[PDB]
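Reading through the structure tokens given below for one structure.
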Amino acid sequence: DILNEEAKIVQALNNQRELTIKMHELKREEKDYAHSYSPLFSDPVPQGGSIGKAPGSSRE
Amino acid sequence: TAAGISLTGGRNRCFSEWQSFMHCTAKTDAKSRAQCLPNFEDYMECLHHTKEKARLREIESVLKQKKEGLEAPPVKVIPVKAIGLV
């Protein structure tokens with residue numbers, strides 16, 4: 001019984017170690033533009049001013 | 001934000017280079033992002049004309065080091081009063 005209890009405690013401690021390493025790795029994963037900056041207007045490409053819009057100024 | 005808006009409410013002088021670079025950054029990721037280096041280079045070139053100034057320095061150095069004549073259709077400077085004369 002002593003061995004079983006100690007092993008259960010050690011298993012919970014290893015679970016906590018695994019969780020800590022997992023959160024460390026996830027926090028360092030790069031996020032999508034919607035999640036990191038803007039979830040509704042999700043296109044990073046600007047349009048600029050609309051007044052004298054010149055045919056041929058748009059470039060992909 | 002007023003980014004991209006010119007002094008007259010249209011698109012600023014370097015908008016096209018910036019928009020193509022933004023298309024690049026939007027399609028790539030952090031690992032691939034260096035693939036967009038030329039676009040950004042072009043953007044900075046438009047902003048500051050550094051390579052253009054270097055190339056002009058080279059051409060002018062070779063021009064002032066020449067005594068041989070130049071035979072090509074030239075550039076002519078006129079007074080503002082003489083726009084359209086003759």
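Here are a few things to note about the model shown:
- All conditions but one from (1) loosely packed, with under 10 Cβ neighbours inside 10 Å; (2) within 14 Å of another protein chain (Cβ to nearest Cβ) apply to A:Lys27; the one that does not is (2).
- Sole residue being under 12 Å from A:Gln47 (Cα atoms), within 10 Å of chain A (Cβ to nearest Cβ), touching a helix residue (DSSP H, G or I) at 6+ places or on another chain (Cβ under 6 Å) and surrounded by 17 or more Cβ atoms within 10 Å (Cβ to Cβ), chosen from B:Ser16, B:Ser20: B:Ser20
- In the range A:32-45, the residues that are free of Cβ contacts under 8 Å to residues at least 60 places away in the same chain form Cβ pairs under 8 Å with partners that are assigned to a helix (DSSP H, G or I) and of a type in the set (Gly, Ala, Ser), at six or more places apart or across chains, as follows: A:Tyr33/B:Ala26; A:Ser42/A:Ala34; A:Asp43/B:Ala26; A:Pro44/B:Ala26; A:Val45/B:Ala26.
- Every condition in (1) more than 30 Å from A:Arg28 (Cβ to Cβ); (2) touching a residue at least 12 places away in the same chain (Cβ under 8 Å); (3) within 14 Å of chain A (Cβ to nearest Cβ) holds for B:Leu47 except the one numbered (3).
- Scanning the range A:37-49 for residues that are over 17 Å from the mean Cα position of the chain (by Cα) and surrounded by 11 or more Cβ atoms within 10 Å (Cβ to Cβ) yields A:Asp43, A:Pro44, A:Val45, A:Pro46, A:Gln47, A:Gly48, A:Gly49.
- Matching residues in the range A:37-53 - criterion: being touching a helix residue (DSSP H, G or I) at 6+ places or on another chain (Cβ under 6 Å) and more than 7 Å from every other protein chain (Cβ to nearest Cβ): A:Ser42
- Checking the stated criteria, A:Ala34 turns out to be within 12 Å of chain B (Cβ to nearest Cβ), of a type in the set (A, V, I, L, M, F, W, C) and under 18 Å from the mean Cα position of the chain (by Cα).
- Between B:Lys31, B:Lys81, the distinction of being within 10 Å of another protein chain (Cβ to nearest Cβ), of a type in the set (D, E, K, R) and either at negative phi or out of contact with any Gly (no Cβ under 9 Å at 6 or more places or on another chain) (or both) belongs to B:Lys31 only.
- From the list B:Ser6, B:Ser16, the one residue that fits, being without any contact (Cβ under 8 Å) to a residue 60 or more places away in the chain and under 12 Å from the mean Cα position of the chain (by Cα), is B:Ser16.
So basically every Cβ, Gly included, is an ideal-geometry build from the backbone, and we count neighbours across all protein chains shown. No lab work stands behind these numbers, since they all come straight from the coordinates.
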